[PDB]
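Read the single chain below, which is given as structure tokens and is the form deposited in one PDB entry.
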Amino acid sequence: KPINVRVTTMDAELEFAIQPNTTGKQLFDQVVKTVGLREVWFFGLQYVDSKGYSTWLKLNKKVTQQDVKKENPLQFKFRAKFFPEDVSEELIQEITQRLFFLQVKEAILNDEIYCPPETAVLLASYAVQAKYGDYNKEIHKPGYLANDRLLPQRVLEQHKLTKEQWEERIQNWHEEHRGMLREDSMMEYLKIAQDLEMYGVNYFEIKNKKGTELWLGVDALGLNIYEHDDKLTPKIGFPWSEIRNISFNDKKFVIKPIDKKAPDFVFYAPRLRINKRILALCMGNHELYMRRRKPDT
């Protein structure tokens, strides 16, 4: 018999059934269509497996041989897996823009992406403009932002100001966005976010030969090694151009610099589930990177 399935996006829930022989690629294409998004390369379908780990559905396989968590409606989350190099050039459909806007903003708030106080209020202003529209003394009564998650905790737990002092600071900016179309605001937000050091990078905790704890970062432009204490500034950088190739064997992964004379860089991932996760993301970003430069060739 059929299989129930629930798939959510940053703002749209989709429930429907599907035959036991359907593939992820089919499921993905299903959602893609029901929502109307064309720029698909950035997205993927995420699901918790039986043992609780968050996993990306392999499109090249039966959504039933993936060991997703067994529940009445199988649960999936449609999210952006990769990030453009520039949301201006790359994000065209107002739907893709809104989807990316919600994901990133959610990441800012959950302190998943570090963000300074000033920049965070500015980001918040664009968020209210996109939500509430233009400021209106008559409609937007003093405290209209009473129940809105605007700044990431760190910011608030940096007790310089009080709750109401932040709201004002935000309202101050809100007023300076008159006539800003709801779509423009979200794009403004992203133009700012996309420039945060932590923006769009995936971190994996790893170690070198000397058992020193480090941070591996993977993003649009390549890989970065971070000191375990600071995930904002890299300790070593490895742009795509800078690399010869990257070999994965077990929990170990090696970056071979193209500098010929240069030495190999060996790192170890804590678990296998992790090393595989990296390779996937490395390939993915590298692929989109190349597809931006050397067209459908």
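One-based numbering along the sequence shown. For clarity, a rigid core is taken as the largest C-alpha set superposing within 1.5 Å between two forms.
- Taking only CA atoms, the mean B-factor in the PDB entry is higher for 262-270 than for the other of 262-270 and 43-51.
- Looking at 75-83 and 138-146 together, the entry lists the larger mean B-factor for 138-146, computed on C-alpha atoms.
- Note on the listed residues 191, 105, 159, 207: the highest Cα temperature factor in the record is that of 159.
- Highest CA B-factor among the listed residues (118, 168, 219, 195): 168.
- When all modelled residues of the chain are sorted by CA temperature factor, residue 232 is found within the highest third.
- Ranked by Cα temperature factor within the chain, residue 14 sits in the middle third according to the deposited record.
- Per the deposited record, the Cα B-factor of residue 153 falls in the highest third when ranked against the other modelled residues of its chain.
- Among the modelled residues of the chain, residue 23 sits in the middle third by CA temperature factor in this PDB entry.
- When the modelled residues of the chain are ordered by their C-alpha B factor, residue 133 lands in the middle third.
FYI, the form deposited with a partner chain bound isn't displayed, but the following is about it.
- The stretch in contact with the partner chain in the deposited complex, judged by heavy atoms within 4.5 Å, is 249-257, chosen from 65-73, 36-44, 249-257, 49-57.
- Contact with the partner chain in the deposited complex, defined as a heavy atom within 4.5 Å, is made by none of 139, 146 and 165.
- Interface residue remark: residue 79 is not counted as part of the site for the partner chain in the deposited complex, having no heavy atom within 4.5 Å.
- Taking the partner from the other structure, the partner chain in the deposited complex has no heavy atom within 4.5 Å of any heavy atom of residue 131.
- Contact check for residue 177: every heavy atom lies farther than 4.5 Å from the partner chain in the deposited complex.
- When the partner chain is considered in the deposited complex, residue 32 lies well away from it, no heavy atom lying within 4.5 Å.
- Only one of 67, 29, 230, 264 has its Cα shifted by 2 Å or more between this form and the one not shown after fitting on the core, and that residue is 264.
- Shown in the overlay between this form and the one not shown, fitted on the rigid core, is a CA shift at residue 51 smaller than 2 Å.
- After superposing the rigid core, the C-alpha of residue 244 moves by 2 Å or more between this form and the one not shown.
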